[PDB]
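Structure, as C-alpha cells:
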Amino acid sequence: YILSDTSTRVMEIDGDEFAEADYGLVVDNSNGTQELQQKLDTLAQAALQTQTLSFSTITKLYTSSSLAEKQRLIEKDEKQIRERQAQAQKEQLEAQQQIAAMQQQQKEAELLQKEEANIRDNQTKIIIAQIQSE
Amino acid sequence: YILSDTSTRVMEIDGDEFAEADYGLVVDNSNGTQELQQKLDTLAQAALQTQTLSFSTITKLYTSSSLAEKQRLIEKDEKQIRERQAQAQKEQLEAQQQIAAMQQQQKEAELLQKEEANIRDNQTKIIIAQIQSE
Amino acid sequence: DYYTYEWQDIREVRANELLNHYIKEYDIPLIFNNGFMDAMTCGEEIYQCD
Ligand SMILES: [Mg+2]
C-alpha cells in the first residue's frame, strides 16, 4: 500500500541486503538538494506555461517527494509533446502535398481531355470528307 | 448524509477492521501538506484563466476538503478540454478536406461535360454529311 | 513510462516511499526532537531502529 508495483518487485533483483549508500543513494538534507528541488519546481512552473507540461503532470510533480521521479516527469512530458508536434508538422506537410497531388492529377486530366477532344474533331473531319466523295 | 455514494461503499471491502495508517493514509499538519494546498489552489487559478478549468469545477475545489480529491478534479477537466480541442481540430481538418473534395468533383463535372459536349457536335456533324450524300 | 526510468531511479523511488510514509506515520521529527534534549544534557544522542 505504501509502495508501487515496480517498487515492490525491486526485492527480487538481488542484493537488497546491501546498504543503499553502496548503490549510490544517500539520505541528504543539505543545501544541494533543496537548491535542486527549488530549481526543479521553478523549471516545472516555467514549463507549465508555454504549454510544455500538462496540468496532469504538474500535480504529479507536487506529490512526488523524490527528486528523480519529478525529474523523469519533466523528461517524459517533453518527449511526448515534441513527438506530437513533430508528427503534426509531418501531417500538415503531406496534407498540402496531397492537395498539390490532387490539383496536379486533375489538370493533367484537363490536359489529357483537350487532346482527346481535339483528335475526335480531326478524325470526324476525315469522315465528313469521306461521305460526300462517294 | 455526511458521506458520498462511493465513501459508504469501502465498508463492503475487507479492510476497515485495520488502521488507516496501514493503507497509506495519515493525518498531517506540516509544512508539506500546507504547501500542497497552496500549490493546488494556485494551479487551479492559473487553470481557471486561459480557459482550462470551468467555473463549476472551481466551486468544487473550494469545497473539497481533500488534497487528493482536488488533484483528481483538475486532472478530470483538463482531460475534458484536451479531447474537445483535439476533436475540433480534426473536425476543422476534415471540413477543409471535404470542401476540397466537393470542389474537386465539380470541376471534373466541368471536365466530363465538355468531352461529352464536343463529341455530340461531332456525331451530329456526321449525320449532316450522310444526309447530303443521298 | 518505466522504460525511461533507470535502475538507480527505481531504487530511489522505493527508498523515498518508505521514508516519506514512516516519517509522517510515526511523527519522526518529534522523536528526533526529544533526542536533541538528551544531546544538550548528556552529550549523547542515541536511537535504535528495530
Ligand atoms: Mg450530504
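Letters for chains follow the order of the C-alpha cells (A, B, ...), residue numbers begin at 1 for each chain, and ligand numbers begin at 1 in the order shown.
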
Range 47-53 of chain B environment, 8 Å, only C-alpha atoms, sequence neighbours closer than 5 positions dropped, as a compact mmCIF listing (two decimals) with N, CA and C atoms, in the first residue's frame:
```
# COMPACT_ATOMS: atom_id res chain seq x y z
N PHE A 55 -1.49 19.99 -17.13
CA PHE A 55 -1.95 20.08 -15.75
C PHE A 55 -2.08 18.72 -15.09
N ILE B 58 -14.27 24.90 -10.26
CA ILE B 58 -13.60 25.75 -9.27
C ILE B 58 -14.41 25.83 -7.98
N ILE B 74 -8.75 18.44 -11.08
CA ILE B 74 -8.02 19.23 -12.06
C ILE B 74 -7.55 18.36 -13.21
N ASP B 77 -10.95 17.73 -15.55
CA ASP B 77 -11.40 18.73 -16.52
C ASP B 77 -10.34 19.05 -17.56
N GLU B 78 -9.06 18.87 -17.23
CA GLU B 78 -8.02 19.07 -18.23
C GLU B 78 -8.06 17.99 -19.29
N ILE B 81 -10.96 19.02 -21.74
CA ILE B 81 -10.70 20.07 -22.72
C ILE B 81 -9.74 19.59 -23.81
```

Using only C-alpha atoms and a cut-off of 9 Å, which residues of chain A sit close to chain B? Please list them as number ranges by chain.
A: 1-3, 54-60, 62-63, 99, 102-103, 106, 109-110, 113-114, 116-117, 120-121, 124-125, 127-134

Atoms to include: N, CA, C and O atoms. Write the selected residues as a tab-separated table (two decimals), in the first residue's frame.
```tsv
chain	number	residue	atom	x	y	z
A	1	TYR	N	0.80	-1.22	0.00
A	1	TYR	CA	0.00	0.00	0.00
A	1	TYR	C	0.83	1.27	0.00
A	1	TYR	O	0.42	2.27	-0.60
A	2	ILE	N	2.00	1.27	0.65
A	2	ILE	CA	2.88	2.44	0.62
A	2	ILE	C	3.88	2.40	-0.53
A	2	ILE	O	4.58	3.40	-0.76
A	3	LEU	N	3.98	1.29	-1.26
A	3	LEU	CA	4.86	1.19	-2.41
A	3	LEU	C	4.05	0.87	-3.66
A	3	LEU	O	2.88	0.49	-3.59
A	54	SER	N	1.55	19.50	-19.07
A	54	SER	CA	0.12	19.49	-18.87
A	54	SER	C	-0.22	19.72	-17.40
A	54	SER	O	0.64	19.66	-16.52
A	55	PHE	N	-1.49	19.99	-17.13
A	55	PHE	CA	-1.95	20.08	-15.75
A	55	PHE	C	-2.08	18.72	-15.09
A	55	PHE	O	-2.22	18.65	-13.86
A	56	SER	N	-2.07	17.63	-15.86
A	56	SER	CA	-1.96	16.30	-15.28
A	56	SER	C	-0.58	16.07	-14.68
A	56	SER	O	-0.45	15.43	-13.64
A	57	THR	N	0.46	16.58	-15.34
A	57	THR	CA	1.82	16.26	-14.92
A	57	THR	C	2.25	17.06	-13.70
A	57	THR	O	2.92	16.51	-12.82
A	58	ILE	N	1.86	18.33	-13.60
A	58	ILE	CA	2.38	19.20	-12.55
A	58	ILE	C	1.84	18.79	-11.19
A	58	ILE	O	2.54	18.88	-10.17
A	59	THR	N	0.60	18.30	-11.14
A	59	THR	CA	0.07	17.79	-9.87
A	59	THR	C	0.74	16.49	-9.46
A	59	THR	O	0.77	16.18	-8.27
A	60	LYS	N	1.26	15.72	-10.41
A	60	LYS	CA	2.12	14.59	-10.05
A	60	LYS	C	3.47	15.07	-9.53
A	60	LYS	O	4.10	14.37	-8.74
A	62	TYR	N	3.95	17.82	-7.73
A	62	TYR	CA	3.76	18.36	-6.39
A	62	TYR	C	3.59	17.27	-5.34
A	62	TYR	O	3.76	17.55	-4.15
A	63	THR	N	3.27	16.06	-5.76
A	63	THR	CA	3.01	14.92	-4.88
A	63	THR	C	3.96	13.78	-5.23
A	63	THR	O	3.54	12.64	-5.45
A	99	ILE	N	-2.83	17.69	-51.41
A	99	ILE	CA	-3.58	18.75	-52.09
A	99	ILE	C	-2.86	19.17	-53.36
A	99	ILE	O	-3.49	19.34	-54.42
A	102	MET	N	-3.61	16.29	-55.78
A	102	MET	CA	-4.93	16.18	-56.39
A	102	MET	C	-5.20	17.30	-57.38
A	102	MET	O	-5.96	17.10	-58.33
A	103	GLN	N	-4.61	18.48	-57.17
A	103	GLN	CA	-4.73	19.53	-58.19
A	103	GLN	C	-3.90	19.19	-59.42
A	103	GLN	O	-4.28	19.56	-60.54
A	106	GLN	N	-5.82	16.49	-61.59
A	106	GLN	CA	-6.96	16.97	-62.37
A	106	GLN	C	-6.55	17.88	-63.52
A	106	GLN	O	-7.28	17.97	-64.51
A	109	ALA	N	-5.54	15.75	-66.09
A	109	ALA	CA	-6.80	15.21	-66.58
A	109	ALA	C	-7.51	16.22	-67.48
A	109	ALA	O	-8.16	15.83	-68.45
A	110	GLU	N	-7.42	17.52	-67.16
A	110	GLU	CA	-7.85	18.53	-68.11
A	110	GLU	C	-6.97	18.52	-69.35
A	110	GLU	O	-7.46	18.69	-70.47
A	113	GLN	N	-7.77	15.62	-71.48
A	113	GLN	CA	-9.10	15.72	-72.06
A	113	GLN	C	-9.08	16.54	-73.34
A	113	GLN	O	-9.72	16.17	-74.33
A	114	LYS	N	-8.37	17.67	-73.34
A	114	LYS	CA	-8.39	18.53	-74.52
A	114	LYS	C	-7.63	17.92	-75.69
A	114	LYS	O	-7.90	18.27	-76.85
A	116	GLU	N	-7.65	14.53	-76.32
A	116	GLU	CA	-8.61	13.59	-76.88
A	116	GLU	C	-9.85	14.29	-77.40
A	116	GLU	O	-10.58	13.72	-78.22
A	117	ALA	N	-10.12	15.51	-76.93
A	117	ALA	CA	-11.20	16.30	-77.52
A	117	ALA	C	-10.85	16.76	-78.92
A	117	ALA	O	-11.72	16.86	-79.78
A	120	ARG	N	-10.78	13.78	-81.99
A	120	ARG	CA	-12.08	13.33	-82.47
A	120	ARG	C	-12.76	14.40	-83.32
A	120	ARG	O	-13.65	14.07	-84.11
A	121	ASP	N	-12.38	15.67	-83.18
A	121	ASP	CA	-12.75	16.61	-84.23
A	121	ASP	C	-11.98	16.31	-85.51
A	121	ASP	O	-12.55	16.40	-86.60
A	124	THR	N	-13.21	12.95	-87.34
A	124	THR	CA	-14.53	13.17	-87.93
A	124	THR	C	-14.51	14.19	-89.05
A	124	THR	O	-15.45	14.21	-89.86
A	125	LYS	N	-13.49	15.04	-89.13
A	125	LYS	CA	-13.29	15.81	-90.36
A	125	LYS	C	-12.89	14.91	-91.52
A	125	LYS	O	-13.23	15.19	-92.67
A	127	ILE	N	-14.10	11.92	-91.79
A	127	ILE	CA	-15.33	11.23	-92.15
A	127	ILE	C	-16.23	12.10	-93.02
A	127	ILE	O	-16.74	11.64	-94.04
A	128	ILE	N	-16.41	13.38	-92.65
A	128	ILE	CA	-17.26	14.25	-93.45
A	128	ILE	C	-16.62	14.59	-94.78
A	128	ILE	O	-17.31	15.01	-95.71
A	129	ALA	N	-15.29	14.44	-94.89
A	129	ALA	CA	-14.64	14.45	-96.19
A	129	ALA	C	-14.89	13.15	-96.95
A	129	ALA	O	-14.78	13.14	-98.18
A	130	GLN	N	-15.19	12.06	-96.25
A	130	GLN	CA	-15.25	10.76	-96.91
A	130	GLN	C	-16.63	10.50	-97.53
A	130	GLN	O	-16.70	9.91	-98.61
A	131	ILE	N	-17.71	10.94	-96.88
A	131	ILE	CA	-19.06	10.50	-97.27
A	131	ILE	C	-19.48	11.12	-98.60
A	131	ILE	O	-19.98	10.43	-99.49
A	132	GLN	N	-19.28	12.44	-98.76
A	132	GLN	CA	-19.74	13.08	-99.99
A	132	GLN	C	-18.84	12.76	-101.18
A	132	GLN	O	-19.25	12.99	-102.33
A	133	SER	N	-17.64	12.21	-100.95
A	133	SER	CA	-16.76	11.84	-102.05
A	133	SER	C	-17.25	10.61	-102.81
A	133	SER	O	-16.80	10.38	-103.94
A	134	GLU	N	-18.14	9.81	-102.22
A	134	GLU	CA	-18.74	8.70	-102.95
A	134	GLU	C	-19.76	9.22	-103.95
A	134	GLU	O	-20.55	10.11	-103.65
```

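The two identical-sequence chains, chain A and chain B, differ by a C-alpha RMSD of 0.5 Å after optimal least-squares superposition.
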
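Distances here use only C-alpha atoms; by that measure, the residue among C:42, C:10, C:23, C:15 closest to chain B is C:23.
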
Return as a PyMOL selection string the residues belonging to chain C that are within 12 Å of chain B, counting only C-alpha atoms.
chain C and resi 17-18+20-27+29

Output N, CA, C and O atoms for every residue in that selection, as a PDB file, in the first residue's frame.
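Dumped everything to again.pdb:
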```
ATOM      1  N   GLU C  17       9.604   6.336  -0.869  1.00  0.00           N
ATOM      2  CA  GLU C  17       8.252   5.930  -0.497  1.00  0.00           C
ATOM      3  C   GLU C  17       8.223   5.209   0.846  1.00  0.00           C
ATOM      4  O   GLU C  17       7.218   5.269   1.559  1.00  0.00           O
ATOM      5  N   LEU C  18       9.310   4.532   1.205  1.00  0.00           N
ATOM      6  CA  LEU C  18       9.457   4.034   2.568  1.00  0.00           C
ATOM      7  C   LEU C  18       9.648   5.182   3.550  1.00  0.00           C
ATOM      8  O   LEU C  18       9.029   5.210   4.616  1.00  0.00           O
ATOM      9  N   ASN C  20       9.161   8.599   3.225  1.00  0.00           N
ATOM     10  CA  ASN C  20       8.137   9.636   3.315  1.00  0.00           C
ATOM     11  C   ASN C  20       6.920   9.158   4.087  1.00  0.00           C
ATOM     12  O   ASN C  20       6.240   9.966   4.726  1.00  0.00           O
ATOM     13  N   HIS C  21       6.633   7.862   4.054  1.00  0.00           N
ATOM     14  CA  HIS C  21       5.481   7.348   4.779  1.00  0.00           C
ATOM     15  C   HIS C  21       5.739   7.348   6.275  1.00  0.00           C
ATOM     16  O   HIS C  21       5.004   7.970   7.047  1.00  0.00           O
ATOM     17  N   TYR C  22       6.795   6.662   6.698  1.00  0.00           N
ATOM     18  CA  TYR C  22       7.024   6.405   8.110  1.00  0.00           C
ATOM     19  C   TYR C  22       7.477   7.634   8.880  1.00  0.00           C
ATOM     20  O   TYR C  22       7.376   7.645  10.107  1.00  0.00           O
ATOM     21  N   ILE C  23       8.000   8.653   8.200  1.00  0.00           N
ATOM     22  CA  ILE C  23       8.236   9.935   8.856  1.00  0.00           C
ATOM     23  C   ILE C  23       6.908  10.593   9.211  1.00  0.00           C
ATOM     24  O   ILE C  23       6.746  11.160  10.299  1.00  0.00           O
ATOM     25  N   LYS C  24       5.921  10.483   8.324  1.00  0.00           N
ATOM     26  CA  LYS C  24       4.612  11.062   8.592  1.00  0.00           C
ATOM     27  C   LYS C  24       3.763  10.186   9.500  1.00  0.00           C
ATOM     28  O   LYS C  24       2.885  10.707  10.193  1.00  0.00           O
ATOM     29  N   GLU C  25       3.993   8.871   9.510  1.00  0.00           N
ATOM     30  CA  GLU C  25       3.177   7.989  10.338  1.00  0.00           C
ATOM     31  C   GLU C  25       3.581   8.064  11.803  1.00  0.00           C
ATOM     32  O   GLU C  25       2.741   8.328  12.669  1.00  0.00           O
ATOM     33  N   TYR C  26       4.858   7.841  12.103  1.00  0.00           N
ATOM     34  CA  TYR C  26       5.297   7.823  13.491  1.00  0.00           C
ATOM     35  C   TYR C  26       5.503   9.214  14.060  1.00  0.00           C
ATOM     36  O   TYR C  26       5.716   9.328  15.273  1.00  0.00           O
ATOM     37  N   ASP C  27       5.414  10.249  13.223  1.00  0.00           N
ATOM     38  CA  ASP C  27       5.871  11.611  13.514  1.00  0.00           C
ATOM     39  C   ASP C  27       7.314  11.586  14.013  1.00  0.00           C
ATOM     40  O   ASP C  27       7.612  11.886  15.168  1.00  0.00           O
ATOM     41  N   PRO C  29      10.013  13.537  13.155  1.00  0.00           N
ATOM     42  CA  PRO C  29      10.576  14.806  13.663  1.00  0.00           C
ATOM     43  C   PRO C  29      10.386  15.156  15.137  1.00  0.00           C
ATOM     44  O   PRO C  29      11.116  16.006  15.652  1.00  0.00           O
TER      45      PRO C  29
END
```

Distance in Å - CA of residue 73 in chain B versus CA of residue 73 in chain A:
19.8 Å

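Using only C-alpha atoms and all ligand atoms, the smallest distance between any of B:31, B:4, B:38, B:80 and ligand 1 comes from B:4.
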
Where in range 8-70 of chain B does DSSP assign helix (DSSP H, G or I), given as number ranges by chain?
B: 10-12, 20-22, 32-51, 55-62, 69-70
